[PDB]
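Asker: One structure is given below, represented as structure tokens, and several questions about it will come after.
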Amino acid sequence: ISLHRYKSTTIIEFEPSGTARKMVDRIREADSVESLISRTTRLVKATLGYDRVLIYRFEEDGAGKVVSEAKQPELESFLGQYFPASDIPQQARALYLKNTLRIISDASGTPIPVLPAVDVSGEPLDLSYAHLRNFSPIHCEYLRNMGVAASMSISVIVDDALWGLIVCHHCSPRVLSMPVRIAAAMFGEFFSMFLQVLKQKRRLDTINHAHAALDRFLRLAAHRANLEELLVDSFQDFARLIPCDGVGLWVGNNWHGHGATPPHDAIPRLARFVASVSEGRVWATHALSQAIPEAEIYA
Amino acid sequence: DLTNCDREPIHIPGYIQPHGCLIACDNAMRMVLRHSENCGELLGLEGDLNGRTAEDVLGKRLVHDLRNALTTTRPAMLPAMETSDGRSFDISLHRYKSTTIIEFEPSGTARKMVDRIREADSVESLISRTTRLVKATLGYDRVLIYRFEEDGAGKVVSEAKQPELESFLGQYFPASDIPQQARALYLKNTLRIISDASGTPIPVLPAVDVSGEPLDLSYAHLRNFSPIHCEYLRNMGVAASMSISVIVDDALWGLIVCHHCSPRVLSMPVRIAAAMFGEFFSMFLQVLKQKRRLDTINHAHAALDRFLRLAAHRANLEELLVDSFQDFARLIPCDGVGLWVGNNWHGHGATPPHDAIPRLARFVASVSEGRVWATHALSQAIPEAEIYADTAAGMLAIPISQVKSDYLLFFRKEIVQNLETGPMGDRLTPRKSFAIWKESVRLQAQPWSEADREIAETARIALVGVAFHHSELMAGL
Amino acid sequence: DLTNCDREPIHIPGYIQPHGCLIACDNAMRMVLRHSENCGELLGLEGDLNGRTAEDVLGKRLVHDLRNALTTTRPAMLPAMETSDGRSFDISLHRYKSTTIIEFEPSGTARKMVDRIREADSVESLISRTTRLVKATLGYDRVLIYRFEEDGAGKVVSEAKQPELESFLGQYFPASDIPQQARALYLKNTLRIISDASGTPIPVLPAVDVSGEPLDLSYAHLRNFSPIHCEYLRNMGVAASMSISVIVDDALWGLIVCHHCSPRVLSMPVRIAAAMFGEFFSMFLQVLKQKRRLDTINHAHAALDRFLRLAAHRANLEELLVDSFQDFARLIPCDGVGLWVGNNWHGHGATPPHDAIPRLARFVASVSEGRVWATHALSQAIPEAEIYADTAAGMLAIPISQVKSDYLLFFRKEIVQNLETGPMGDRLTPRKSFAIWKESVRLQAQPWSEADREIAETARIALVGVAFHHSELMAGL
Ligand SMILES: *C/C=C1/C(=C/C2=NC(=C\c3[nH]c(/C=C4\NC(=O)C(C=C)=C4C)c(C)c3CCC(=O)O)/C(CCC(=O)O)=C2C)NC(=O)[C@H]1C
Ligand SMILES: *C/C=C1/C(=C/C2=NC(=C\c3[nH]c(/C=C4\NC(=O)C(C=C)=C4C)c(C)c3CCC(=O)O)/C(CCC(=O)O)=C2C)NC(=O)[C@H]1C
Ligand SMILES: *C/C=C1/C(=C/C2=NC(=C\c3[nH]c(/C=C4\NC(=O)C(C=C)=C4C)c(C)c3CCC(=O)O)/C(CCC(=O)O)=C2C)NC(=O)[C@H]1C
Ligand SMILES: [Cl-]
Ligand SMILES: [Cl-]
Ligand SMILES: [Cl-]
């Protein structure tokens, strides 16, 4: 029996009837985000027995990326693929901030009406926290089209926000019993915590590395009479500071480029543009043709 | 009024300081719309300037050069400009809300100054040397750095002064002493001068134009300051001042504040050098704060690792915590720390009395919800904590078990333990401000910073994780 | 008497505590020379024991085993020994000044205790956990660690106590409160017990033998303590105590001191475990002090290198010092630092007033002789410094030029700012001791340690060397 209160209605759900610790021991020593997420799909699949287990990470715009996968050999791979923000709608992502573990037992099953659906005073039954809640028929149809009959997902919560989901698919109907769900929720909470710390350590390492690289350049500047020449000789090394595919230097109205940059003759227009919006601050875009229409050609 | 401080509209006083004159023109600079009453005197003109053309008043040569200097709302600085008469002025020119404002002053510093701060390797080293350096360079009798606390209260964090003057170092003043609207202005104009706090101000004619609009002097360096502040200064024996806004991560971190005991103006070239210095000072401070925070987080991560390394060689994690918990005081600045485990308390340093702990622990258990929970005003949460405020007025609580209500508790002492008049009255003195501040922070401790809270959360995860890993050894016990 | 404290001959009181009995024999243990008055009672004997043979009194079996246990003057511990009667005792046996002393008590602890301190990684972590651990293990109402200052004054540096008892933490007491001869005894006997501070002591018969010699009880655990100390304890509400000598680098660093508010004896097995613990505690503390000193010196060397690296990129070493000198506060713990160069002063933190500096600098120039010069009692050197003692009561001066009388000056505040009766009177209370100490250190600061002085000398060489290297650039200026 699962029992809760929400909006002052009581909801009782009935299912006719060291896992977590052992699982968490197998991820606690991960020392990078990639090591954590790679091993987790493999581990969740072995433990819970789902045909496919994915980790789906939210981009900043809400689009999702499949960042890890473990699957039966005959099933297709979704690894490295992205899906639109709309595929997991806004209200779905809000629900998943409340209920951290969700089950669909049978995507082709026949759902069971709540009697009455609307009470005498005009209120529906809010099933936000009910594990027996029936899912959108849009999503259920999405699953059937994939050959998926059942699923389970765990919300991954990092710094109080929805970072992503652990998503399990089965090609035949499947329910997790309450003790198994409890163990898996517990696992998901530790996974979330460890991921959060690993992301934070990665960011620190990244900032520390950048500070040391700046110091190395400044140490060279202190032995050179001509700082401009030094920059012309050295600027490619600034690609180490920030992940990029190209970098260049615009100094004294002359350009020097390295890696993937706009064509040489498109630079003066770009530099005029930068001069007009920078205002002496860092200025950045991921959609350059929205700023400069002519940049579409070298996108 | 002295209570509704943040209401005074200081951007539209209707007056300028006497060390220059001002002309207001339309957007295109064709007609004179307003002028300060002293324009005739300084420019050698007569009668009502308003309604005459810019060219009639200033001549075609000067008006031509001024139009060409226009091209956000950052004032153009034009030294040694001449009127048709031959009189020479330093001219500041800007546009705001589509009115043009022309200010007239009858008339490698920055690089050398910045070289003397660029190698500072700590925030304290930067701020200490800067007051000393600004005083030597600009010659003000007193130079202070005033840092804003998170609630807006100010703290004097560095000082250089004539030996006979009183020290304000380590003192705090209420948020209201530099009102909200003042702090907003200082986000726009980064350098401000008061030439003579006892001088006679000069009206702008007209103060309100025909359509009911005042002249917005937000960006005008000749803007006259609030008479409340000017009276505050006279009570201190201060006749002139200059302040530089310190901007860190796009916000007002504080001020460099210079006081002189006699009247004093900085010429335009000197103001320009000092603004430039202030911008480099701001940038360097920002980087130094960021490096300090990194060092702090890195240190905390290494300390957690050292503890976890010990946990991996111990059969009994609870005993280890009982023996080790005092070392967690290294993670976060505090005056005391303690451990609540298996319904037993162990304390170190300044903590509530032993017998007040179970009430505190019940409280923590009811609000934590398995997260870090912190306050700098413990008596607001638990009325009975007022009695032990002198020892522990702030608390931060870290859950250390996913399953049990065990916690590591950090404490801080109440903050008070780590430390002429004019017609408007004695409110306007540093002594009264400081007393008002002290009264405002009674029963309160220094707030837990964002860094403190980030460290706590990292610690929570470390400790909750190792507890879970040891959970069957401990149930075996 | 309460003034000539160090005269009382506490090694020869002529009395033992009532929780055991004592027999004194000759070197070979053939004859009884002395006995405590309670021997008849505890051993089941009658009359004058002196003159009877060890075998007549104790039986041949026991005397045989005692001879065999003899083999510096560290007492042999023989638990559960039986007399011919069948009465069972824990026996402590030793020889000193060729008298044999037999003490009778009617009758993995250490390893487990030591495991709980062995991983301490700082002096503060070691001492904090030890009071807590000793209290839990041995059950005394209060356990303190009392550390000797260089002048012999004591400081309570750690404490664990019943909640209702008063705290002594952070308090200091005069050197005289643990006299010279007491500290010498505690260098020999490392563990001491007082069972009952209100008990009735037991005379040794005879107290002086026929040839005029007292019985030297230096190594006897039943030795009765000075009535001055026993009265001090009763005034505190303390009925029993135990102390362990803490020996670091062959000297008495301090004491672990346990107080009980009711009578209390530790059995021989418990004393043995606690002595063993104390020896490991001493060893670990010694290593931790040594590591701390190394870390401190290493840190200072790296800070000097950072400054020298800056000097190598600057054309004007004096300007660099004027901008940087506050950073030298990192080298040596201080409350203020300043720079006297070219007959001009620059200060930071708590320093003498600006106008008192030239007198101070003349003084330094006359005693330095090109070496580090330091005092913790500045008014003894310069009478006029008494007035600013609250801000600067100690000074350490580092020459920074081989040729000119330029100095870097470190300062410390006066120490007071960083903080029932029986027939013999109110002198014998912690309140009075603490007040006496406070009075004794007026106008004085915390002494400059050997580490401080080693760092200063290294700094002198660094600064004098870089000054010489820059000397022709600076004369060019
Ligand atoms: C116009 C609406 C659409 C839509 C809505 C929708 N999706 C929901 C849940 C949901 N979608 C996904 C997406 C995927 N799962 C996959 O395995 C893959 C593989 C490529 C994709 C793209 C997930 C993971 C989930 C959550 C699953 C879970 O178990 O929590 C929901 C909410 C369903 C609910 O009742 O909670 C909605 C309303 N999806 C669409 O594609 C469109 C068109
Ligand atoms: C009810 C209103 C009050 C008030 C208003 C006020 N203060 C303003 C400027 C201002 N205040 C300070 C405070 C100090 N300066 C000091 O040196 C000390 C020393 C102890 C204190 C407390 C500063 C630094 C400034 C800014 C100075 C500058 O040059 O920029 C202003 C704005 C003035 C303006 O026209 O810009 C206002 C309206 N001060 C009060 O004390 C109360 C009562
Ligand atoms: C003029 C003589 C005085 C004097 C003499 C004295 N003290 C001795 C032992 C001793 N003193 C202390 C001091 C304290 N213990 C405390 O708990 C506190 C608390 C504030 C204080 C100040 C200690 C720890 C000891 C040693 C205790 C132990 O168990 O070893 C002795 C020697 C006693 C002996 O026979 O060994 C002497 C002679 N104390 C005075 O206060 C003055 C006046
Ligand atoms: Cl990520
Ligand atoms: Cl800061
Ligand atoms: Cl020490």
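Residues in the structure tokens are numbered from 1 in each chain, the chains being A, B, ... in the order shown, and ligands are numbered from 1 in the order shown.
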Find the residues around residue 97 in chain A up to 8 Å (only C-alpha atoms counted), leave out those fewer than 4 positions away in its own chain, and share them as a list in words.
Answerer: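 In the requested format, the answer is residues 93, 155, 157, 161 and 162 of chain A.
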Asker: Could you pull the residues within 12 Å of range 112-123 of chain A, counting only C-alpha atoms, minus those fewer than 3 positions along the same chain, as a compact mmCIF listing (two decimals) with N, CA, C and O atoms, in the first residue's frame?
Answerer:
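Output contents, as saved in part_39.txt:
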```txt
# COMPACT_ATOMS: atom_id res chain seq x y z
N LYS A 7 -3.37 18.27 -1.56
CA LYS A 7 -4.54 19.14 -1.64
C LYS A 7 -5.66 18.57 -0.78
O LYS A 7 -6.82 18.44 -1.22
N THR A 9 -6.75 15.74 0.02
CA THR A 9 -7.41 14.48 -0.30
C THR A 9 -6.42 13.37 0.06
O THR A 9 -5.21 13.53 -0.14
N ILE A 11 -4.99 9.60 -0.64
CA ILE A 11 -4.94 8.63 -1.71
C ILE A 11 -4.26 7.35 -1.26
O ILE A 11 -3.11 7.37 -0.82
N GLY A 109 -1.98 -1.75 -22.24
CA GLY A 109 -2.98 -2.23 -21.31
C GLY A 109 -4.21 -1.36 -21.37
O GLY A 109 -4.19 -0.26 -21.94
N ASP A 126 -6.48 14.94 -8.37
CA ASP A 126 -5.07 15.24 -8.67
C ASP A 126 -4.15 14.05 -8.31
O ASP A 126 -3.92 13.78 -7.14
N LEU A 127 -3.64 13.37 -9.33
CA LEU A 127 -2.86 12.14 -9.17
C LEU A 127 -1.35 12.38 -9.28
O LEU A 127 -0.58 11.44 -9.56
N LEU A 132 0.14 4.94 -9.41
CA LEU A 132 -0.73 4.28 -10.37
C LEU A 132 -1.28 5.22 -11.42
O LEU A 132 -2.02 4.78 -12.28
N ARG A 133 -0.91 6.50 -11.37
CA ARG A 133 -1.38 7.48 -12.36
C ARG A 133 -1.21 6.99 -13.80
O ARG A 133 -0.15 6.54 -14.18
N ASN A 134 -2.26 7.09 -14.61
CA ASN A 134 -2.14 6.69 -16.01
C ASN A 134 -1.44 7.81 -16.78
O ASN A 134 -1.69 8.99 -16.55
N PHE A 135 -0.55 7.43 -17.70
CA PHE A 135 0.25 8.39 -18.45
C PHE A 135 -0.47 8.89 -19.71
O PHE A 135 -1.36 8.22 -20.23
```
Asker: Using only C-alpha atoms and a cut-off of 9 Å, which residues of chain C sit close to chain B? Please list them as a PDB file with N, CA and C atoms, in the first residue's frame.
Answerer:
```pdb
ATOM      1  N   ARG C 116      42.337   5.464  19.013  1.00  0.00           N
ATOM      2  CA  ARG C 116      41.453   6.605  18.817  1.00  0.00           C
ATOM      3  C   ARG C 116      42.139   7.967  18.788  1.00  0.00           C
ATOM      4  N   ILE C 117      43.439   8.021  19.093  1.00  0.00           N
ATOM      5  CA  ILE C 117      44.196   9.268  18.907  1.00  0.00           C
ATOM      6  C   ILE C 117      45.294   9.229  17.850  1.00  0.00           C
ATOM      7  N   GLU C 119      45.499   8.771  14.699  1.00  0.00           N
ATOM      8  CA  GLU C 119      45.302   9.430  13.422  1.00  0.00           C
ATOM      9  C   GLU C 119      45.106  10.956  13.522  1.00  0.00           C
ATOM     10  N   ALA C 120      45.096  11.530  14.731  1.00  0.00           N
ATOM     11  CA  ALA C 120      45.040  12.995  14.856  1.00  0.00           C
ATOM     12  C   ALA C 120      46.123  13.598  13.961  1.00  0.00           C
ATOM     13  N   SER C 122      46.687  17.161  13.759  1.00  0.00           N
ATOM     14  CA  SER C 122      47.094  18.466  14.247  1.00  0.00           C
ATOM     15  C   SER C 122      47.157  18.408  15.760  1.00  0.00           C
ATOM     16  N   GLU C 124      45.836  20.587  17.792  1.00  0.00           N
ATOM     17  CA  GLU C 124      44.493  20.914  18.323  1.00  0.00           C
ATOM     18  C   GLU C 124      43.550  19.713  18.250  1.00  0.00           C
ATOM     19  N   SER C 125      43.583  18.991  17.140  1.00  0.00           N
ATOM     20  CA  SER C 125      42.795  17.765  17.019  1.00  0.00           C
ATOM     21  C   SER C 125      43.192  16.705  18.054  1.00  0.00           C
ATOM     22  N   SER C 128      42.100  18.197  21.752  1.00  0.00           N
ATOM     23  CA  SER C 128      40.656  18.311  21.894  1.00  0.00           C
ATOM     24  C   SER C 128      40.039  16.942  22.145  1.00  0.00           C
ATOM     25  N   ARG C 129      40.422  15.953  21.351  1.00  0.00           N
ATOM     26  CA  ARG C 129      39.764  14.644  21.454  1.00  0.00           C
ATOM     27  C   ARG C 129      40.200  13.871  22.700  1.00  0.00           C
ATOM     28  N   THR C 130      41.363  14.217  23.226  1.00  0.00           N
ATOM     29  CA  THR C 130      41.930  13.448  24.312  1.00  0.00           C
ATOM     30  C   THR C 130      41.194  13.673  25.622  1.00  0.00           C
ATOM     31  N   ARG C 132      38.064  14.523  25.941  1.00  0.00           N
ATOM     32  CA  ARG C 132      36.775  13.867  25.713  1.00  0.00           C
ATOM     33  C   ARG C 132      36.909  12.352  25.887  1.00  0.00           C
ATOM     34  N   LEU C 133      37.985  11.787  25.337  1.00  0.00           N
ATOM     35  CA  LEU C 133      38.227  10.345  25.375  1.00  0.00           C
ATOM     36  C   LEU C 133      38.607   9.836  26.770  1.00  0.00           C
ATOM     37  N   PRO C 163      28.271  18.804  32.563  1.00  0.00           N
ATOM     38  CA  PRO C 163      27.628  20.070  32.184  1.00  0.00           C
ATOM     39  C   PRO C 163      27.446  21.118  33.302  1.00  0.00           C
ATOM     40  N   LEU C 310      58.931  38.947  -6.990  1.00  0.00           N
ATOM     41  CA  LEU C 310      58.447  40.272  -7.356  1.00  0.00           C
ATOM     42  C   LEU C 310      59.580  41.283  -7.398  1.00  0.00           C
ATOM     43  N   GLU C 319      59.710  51.316  -3.258  1.00  0.00           N
ATOM     44  CA  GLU C 319      58.295  51.382  -3.617  1.00  0.00           C
ATOM     45  C   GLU C 319      57.611  50.040  -3.424  1.00  0.00           C
ATOM     46  N   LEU C 320      58.293  48.967  -3.850  1.00  0.00           N
ATOM     47  CA  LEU C 320      57.739  47.624  -3.719  1.00  0.00           C
ATOM     48  C   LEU C 320      57.465  47.282  -2.268  1.00  0.00           C
ATOM     49  N   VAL C 322      57.005  49.487   0.239  1.00  0.00           N
ATOM     50  CA  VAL C 322      55.889  50.340   0.672  1.00  0.00           C
ATOM     51  C   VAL C 322      54.531  49.753   0.256  1.00  0.00           C
ATOM     52  N   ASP C 323      54.452  49.154  -0.941  1.00  0.00           N
ATOM     53  CA  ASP C 323      53.203  48.556  -1.422  1.00  0.00           C
ATOM     54  C   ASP C 323      52.886  47.191  -0.822  1.00  0.00           C
ATOM     55  N   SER C 324      53.929  46.480  -0.396  1.00  0.00           N
ATOM     56  CA  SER C 324      53.844  45.056  -0.076  1.00  0.00           C
ATOM     57  C   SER C 324      53.977  44.686   1.378  1.00  0.00           C
ATOM     58  N   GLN C 326      52.649  44.878   4.241  1.00  0.00           N
ATOM     59  CA  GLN C 326      51.587  44.238   5.025  1.00  0.00           C
ATOM     60  C   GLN C 326      51.592  42.704   4.844  1.00  0.00           C
ATOM     61  N   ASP C 327      51.969  42.242   3.666  1.00  0.00           N
ATOM     62  CA  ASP C 327      52.031  40.805   3.400  1.00  0.00           C
ATOM     63  C   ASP C 327      53.053  40.041   4.278  1.00  0.00           C
ATOM     64  N   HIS C 346      55.350  53.476   7.640  1.00  0.00           N
ATOM     65  CA  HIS C 346      54.087  53.009   7.067  1.00  0.00           C
ATOM     66  C   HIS C 346      53.640  51.849   7.948  1.00  0.00           C
ATOM     67  N   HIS C 348      50.394  49.015   9.435  1.00  0.00           N
ATOM     68  CA  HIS C 348      49.240  48.207   9.099  1.00  0.00           C
ATOM     69  C   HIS C 348      48.807  47.458  10.353  1.00  0.00           C
ATOM     70  N   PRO C 353      51.048  54.543  17.823  1.00  0.00           N
ATOM     71  CA  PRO C 353      50.654  55.754  17.112  1.00  0.00           C
ATOM     72  C   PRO C 353      51.759  56.266  16.199  1.00  0.00           C
ATOM     73  N   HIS C 354      51.356  56.878  15.089  1.00  0.00           N
ATOM     74  CA  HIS C 354      52.290  57.392  14.097  1.00  0.00           C
ATOM     75  C   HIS C 354      53.431  58.211  14.717  1.00  0.00           C
ATOM     76  N   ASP C 355      53.089  59.149  15.591  1.00  0.00           N
ATOM     77  CA  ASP C 355      54.080  60.079  16.151  1.00  0.00           C
ATOM     78  C   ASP C 355      54.994  59.479  17.248  1.00  0.00           C
TER      79      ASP C 355
END
```
Asker: Per DSSP on the backbone, filter range 243-299 of chain A down to the residues in strand (DSSP E or B) and report them as an mmCIF file with C-alpha atoms, in the first residue's frame.
Answerer:
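Listing of part.cif after writing:
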```cif
data_model
loop_
_atom_site.group_PDB
_atom_site.id
_atom_site.type_symbol
_atom_site.label_atom_id
_atom_site.label_comp_id
_atom_site.auth_asym_id
_atom_site.auth_seq_id
_atom_site.Cartn_x
_atom_site.Cartn_y
_atom_site.Cartn_z
ATOM 1 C CA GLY A 246 38.788 27.858 -33.756
ATOM 2 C CA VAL A 247 40.303 30.984 -32.288
ATOM 3 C CA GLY A 248 41.681 34.200 -33.666
ATOM 4 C CA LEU A 249 43.198 37.516 -32.828
ATOM 5 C CA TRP A 250 42.083 40.916 -34.077
ATOM 6 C CA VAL A 251 44.743 43.466 -33.225
ATOM 7 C CA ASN A 254 44.764 42.816 -38.585
ATOM 8 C CA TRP A 255 43.454 39.284 -38.255
ATOM 9 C CA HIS A 256 45.274 36.039 -37.416
ATOM 10 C CA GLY A 257 43.277 32.800 -37.241
ATOM 11 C CA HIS A 258 43.709 29.209 -36.158
ATOM 12 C CA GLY A 259 41.466 26.175 -36.702
#
```
Asker: Identify all chain B residues at most 8 Å from chain A by counting only C-alpha atoms; ligands do not count. Present them as a list in words.
Answerer: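 The complete set of qualifying residues is residues 294, 298, 458, 461, 465, 468 and 469 of chain B.
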Asker: Can I get the residues close to ligand 1 as an MDAnalysis selection string, where close means within 10 Å and we count only C-alpha atoms and all ligand atoms?
Answerer: chainID A and resid 52:56 63:66 77:79 81:96 99:104 128 133:143 146 148 150:155 164:169
Asker: What residues of the protein or nucleic acid chains come within 8 Å of ligand 5 when you use only C-alpha atoms and all ligand atoms? Reply as a list in words.
Answerer: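 Counting only what the definition allows, namely only C-alpha atoms and all ligand atoms, the set is residues 123, 147, 253 and 289 of chain B.
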Asker: Excluding residue 214 in chain C and residues on its chain fewer than 5 positions from it, collect all residues at most 10 Å away from it, counting only C-alpha atoms, and give them as a list in words.
Answerer: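 My reading of the contact set: residues 11, 12, 13, 14, 204, 206, 207, 208 and 209 of chain C.
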Asker: Around ligand 4, out to 10 Å and counting only C-alpha atoms and all ligand atoms, which residues are there? I want them as a ChimeraX atom specification.
Answerer: /A:33-34,37,57-59,67,158,163-164,195-196,198-200,202-203
Asker: Give me a file of those residues, with N, CA, C and O atoms, as a short mmCIF file (atom, residue, chain, number, x, y, z; two decimals), in the first residue's frame.
Answerer:
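Dumped to selection.cif:
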```cif
data_model
loop_
_atom_site.label_atom_id
_atom_site.label_comp_id
_atom_site.auth_asym_id
_atom_site.auth_seq_id
_atom_site.Cartn_x
_atom_site.Cartn_y
_atom_site.Cartn_z
N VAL A 33 32.28 12.45 -14.32
CA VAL A 33 30.89 12.38 -14.74
C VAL A 33 30.72 11.23 -15.76
O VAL A 33 29.80 10.43 -15.65
N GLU A 34 31.62 11.14 -16.74
CA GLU A 34 31.49 10.09 -17.78
C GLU A 34 31.59 8.69 -17.19
O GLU A 34 30.80 7.82 -17.51
N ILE A 37 28.16 7.99 -15.35
CA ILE A 37 26.98 7.76 -16.17
C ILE A 37 27.12 6.52 -17.02
O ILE A 37 26.12 5.82 -17.25
N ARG A 57 19.92 13.47 -20.73
CA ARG A 57 20.36 14.70 -20.10
C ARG A 57 19.75 15.94 -20.75
O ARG A 57 19.82 16.09 -21.97
N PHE A 58 19.19 16.85 -19.93
CA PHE A 58 18.63 18.07 -20.48
C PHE A 58 19.67 19.11 -20.82
O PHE A 58 20.50 19.45 -20.02
N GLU A 59 19.62 19.60 -22.05
CA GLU A 59 20.36 20.76 -22.50
C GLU A 59 19.75 22.01 -21.86
O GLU A 59 18.69 21.93 -21.27
N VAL A 67 22.92 10.31 -23.26
CA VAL A 67 24.36 10.36 -22.92
C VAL A 67 24.95 9.03 -22.46
O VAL A 67 26.16 8.90 -22.37
N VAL A 158 19.89 17.66 -9.61
CA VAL A 158 21.19 18.23 -9.33
C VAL A 158 20.99 19.70 -9.04
O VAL A 158 20.36 20.39 -9.82
N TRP A 163 18.11 17.53 -13.90
CA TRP A 163 19.27 17.47 -14.77
C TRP A 163 18.95 16.56 -15.93
O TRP A 163 19.42 16.76 -17.05
N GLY A 164 18.15 15.54 -15.66
CA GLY A 164 17.92 14.49 -16.61
C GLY A 164 17.12 13.35 -16.01
O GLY A 164 16.58 13.47 -14.92
N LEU A 195 26.62 12.57 -8.81
CA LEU A 195 26.72 13.33 -10.05
C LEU A 195 26.93 14.82 -9.76
O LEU A 195 27.77 15.48 -10.38
N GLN A 196 26.20 15.32 -8.77
CA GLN A 196 26.27 16.75 -8.42
C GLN A 196 27.67 17.10 -7.97
O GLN A 196 28.23 18.11 -8.40
N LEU A 198 30.38 15.43 -8.64
CA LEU A 198 31.34 15.21 -9.74
C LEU A 198 31.30 16.34 -10.74
O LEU A 198 32.34 16.74 -11.25
N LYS A 199 30.12 16.89 -10.98
CA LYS A 199 29.99 18.07 -11.83
C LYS A 199 30.69 19.26 -11.22
O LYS A 199 31.29 20.06 -11.91
N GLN A 200 30.56 19.39 -9.91
CA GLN A 200 31.17 20.51 -9.21
C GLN A 200 32.72 20.39 -9.22
O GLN A 200 33.40 21.35 -9.51
N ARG A 202 34.44 18.79 -11.49
CA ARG A 202 34.86 19.00 -12.88
C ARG A 202 34.97 20.47 -13.22
O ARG A 202 35.95 20.91 -13.82
N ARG A 203 33.96 21.24 -12.83
CA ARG A 203 33.98 22.69 -13.00
C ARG A 203 35.18 23.33 -12.28
O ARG A 203 35.88 24.15 -12.86
#
```
Asker: Give me, as an NGL selection string, all polymer residues having an atom no more than 9 Å from residue 30 in chain B, counting only C-alpha atoms and skipping those fewer than 6 positions away in the same chain.
Answerer: :B and (52-55 or 63)
Asker: For those residues, write C-alpha atoms to a file as a PDB file, in the first residue's frame.
Answerer:
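Done, and the output landed in result-v4.pdb:
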```
ATOM      1  CA  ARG B  52      19.190  81.800 -27.109  1.00  0.00           C
ATOM      2  CA  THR B  53      20.899  79.359 -29.480  1.00  0.00           C
ATOM      3  CA  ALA B  54      23.932  77.277 -28.501  1.00  0.00           C
ATOM      4  CA  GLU B  55      25.827  79.172 -31.222  1.00  0.00           C
ATOM      5  CA  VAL B  63      29.197  74.138 -30.679  1.00  0.00           C
TER       6      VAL B  63
END
```
Asker: Give me the residues within 10 Å of residue 364 in chain B as a PyMOL selection string, counting only C-alpha atoms and dropping any in the same chain fewer than 6 places off.
Answerer: chain B and resi 358+370+372-374+381+395-399+405-407+409
Asker: Measuring between only C-alpha atoms and all ligand atoms, which one of B:345, B:411, B:140, B:434 shows the shortest distance to ligand 2?
Answerer: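 Smallest distance to ligand 2 is found for B:434.
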Asker: Which residues, written as a list in words, have at least one atom at most 9 Å from residue 392 in chain B, with only C-alpha atoms counted and residues fewer than 5 positions away on the same chain left out?
Answerer: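 Here the qualifying residues turn out to be residues 335, 336, 350, 351, 352, 378, 385, 411, 412, 413, 414, 443, 444 and 445 of chain B.
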Asker: Residues up to 7 Å from ligand 2, counting only C-alpha atoms and all ligand atoms: could you list those as a count of residues only?
Answerer: 32
Asker: Using only C-alpha atoms and all ligand atoms, which residues of the polymer chains come no farther than 10 Å from ligand 6? I'd like the answer as a PyMOL selection string.
Answerer: chain C and resi 123-124+127+147-149+157+248+253-254+285-286+288-290+292-293
Asker: Can you tell me how far CA of residue 274 in chain B sits from CA of residue 66 in chain B, in Å to one decimal?
Answerer: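 Taking CA of residue 274 in chain B and CA of residue 66 in chain B, their separation equals 24.0 Å.
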